[PDB]
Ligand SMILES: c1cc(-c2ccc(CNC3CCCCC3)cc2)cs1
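Read the single chain below, which is given as structure tokens and is the form solved without the ligand.
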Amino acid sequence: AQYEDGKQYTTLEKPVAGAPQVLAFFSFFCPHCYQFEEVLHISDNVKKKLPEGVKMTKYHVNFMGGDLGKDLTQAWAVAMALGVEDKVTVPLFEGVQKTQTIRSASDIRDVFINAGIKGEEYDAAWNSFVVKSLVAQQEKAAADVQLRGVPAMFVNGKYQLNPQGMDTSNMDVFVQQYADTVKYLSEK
């Protein structure tokens, strides 16, 4: 065939039941994750090719960045809770990796303010039960897929994308191979 285990995807020994259809894990500290999002725009291109009524979910992981990382996982739950993921994704990547201006929890909050989320709305979401559930939820899903690093993407709890078996001499070719694989898996 064109698509094969070992090549564009591997198959989990231990499928995950009731996993989201397409589940991406990342870290604002991860250079490969910054490459996926700021240079390759993996997310956007995958979305463009997902079959009808097939949504993508994105979770932040903790095993990078120490205590700042844990705050970033909670700040991400804030973003998921308020629906502002597309407003803070770029300034958080750049604050962490490019300018290294995010050193503490208040620098994270500043980015949300400058993106239109008012400070009291952020604080309230930050200390809310919904955010606590979403932090726990991100952590559970990482554990359920025995996550060891990021970036990673899983389709229907069964298949793990294998970028390293894709062609990386042309970035645009890589991106369409990645996106097309995710489409192929959604329907497998």
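Note that residue numbering begins at 1 and tracks the sequence as displayed.
FYI, the form solved in complex with the ligand isn't displayed, but the following is about it.
Asker: Tell me whether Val84, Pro91 and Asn114, taken together, all sit within 4.5 Å of the ligand in the bound PDB entry, counting heavy atoms only.
Answerer: No: none of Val84, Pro91 and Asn114 comes within 4.5 Å of the ligand in the bound PDB entry.
Asker: Quick check on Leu40: any heavy atom within 4.5 Å of the ligand in the bound PDB entry?
Answerer: Because a heavy atom of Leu40 falls inside 4.5 Å of the ligand in the bound PDB entry, the answer is yes.
Asker: Just to confirm, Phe36 within 4.5 Å of the ligand in the bound PDB entry by heavy atoms?
Answerer: Yes, contact at 4.5 Å.
Asker: May I ask you to check whether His32 falls inside a 4.5 Å heavy atom distance of the ligand in the bound PDB entry?
Answerer: Although the ligand is absent here, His32 would touch it in the bound PDB entry, with heavy atoms inside 4.5 Å.
Asker: Indicate whether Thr168 is a 4.5 Å heavy atom neighbour of the ligand in the bound PDB entry.
Answerer: Because a heavy atom of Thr168 falls inside 4.5 Å of the ligand in the bound PDB entry, the answer is yes.
Asker: From first to last in sequence, which residues of 125-152 have any non-hydrogen atom within 4.5 angstroms of the ligand in the bound PDB entry?
Answerer: Residues within 4.5 Å: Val150, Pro151.
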